[PDB]
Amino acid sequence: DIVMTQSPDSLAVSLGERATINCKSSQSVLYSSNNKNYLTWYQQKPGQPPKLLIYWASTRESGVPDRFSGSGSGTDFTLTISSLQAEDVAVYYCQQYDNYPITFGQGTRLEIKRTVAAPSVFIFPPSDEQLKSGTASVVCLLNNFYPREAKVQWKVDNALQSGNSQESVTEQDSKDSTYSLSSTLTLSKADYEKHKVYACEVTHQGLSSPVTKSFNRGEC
């Protein structure tokens, strides 16, 4: 079977600049009968199915912007996106259909660069409904920041927490090229009610010093 290998696995490119993704096949995917490379490119956004961009290595599908171009022959192929736009954030895949089984490359994620954006930081105490059930989830939201690196630390009565929080980050947003992050601290009801001050401390390139959001259990 033909192994499809993409390079790089991820890249970050500035808007209006060129993005180049490579795909190499373990053997030739040139079909002699019509002298076409049976090589296709797809774009996939999160939660969405793949969308066809290019087939026969270099023919654009109708509706696809002309900033997308494919080139290569035989075993070495390239997808070039010129004048990159925000809506081009996605994972790109190559696929061959010369040989059965049809096979795909492993994807290349494309992200975009932008200026630093500090997070807006928000905190949510657990609901009384959840506490009644025996557990407290405390949520610290870091909204719309860039770059993706951030430090997030929980303090409970000023004690740094370890091993009891969970961080989830969104994929980069097309509308403003930012990320958002949720940090959820999980405590039993009994531990939640032993302490009063709940704080999440966020450090980020866009913050001139770390930001703390906190609340006092029980207070307005």
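Start at 1 and count along the sequence shown; that's the residue number.
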ask   = With respect to the recorded C-alpha B factors, which stretch has the higher mean value, 173-181 or 60-68?
value = 60-68
ask   = Of the two stretches 23-31 and 183-191, which shows the higher Cα B-factor on average in the entry?
value = 23-31
key: Among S137, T103, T75, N143 - the residue whose C-alpha B-factor is largest in the record   = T75
query = Highest Cα B-factor in the deposition, which of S133, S127, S120, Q95?
reply = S133
message = Considering every modelled residue of the chain and its Cα B-factor in the PDB entry, is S214 in the lowest, middle or highest third?
response = lowest
request  = Please place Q48 in the lowest, middle or highest third of its chain by C-alpha B factor as given in the entry.
outcome  = highest
key: B-factor third for the C-alpha atom of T40 within its chain   = lowest
task = Would you check the entry's CA temperature factor for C200 and let me know if it's in the chain's lowest, middle or highest third?
result = lowest
key: Lowest, middle or highest third - CA B-factor, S162   = highest
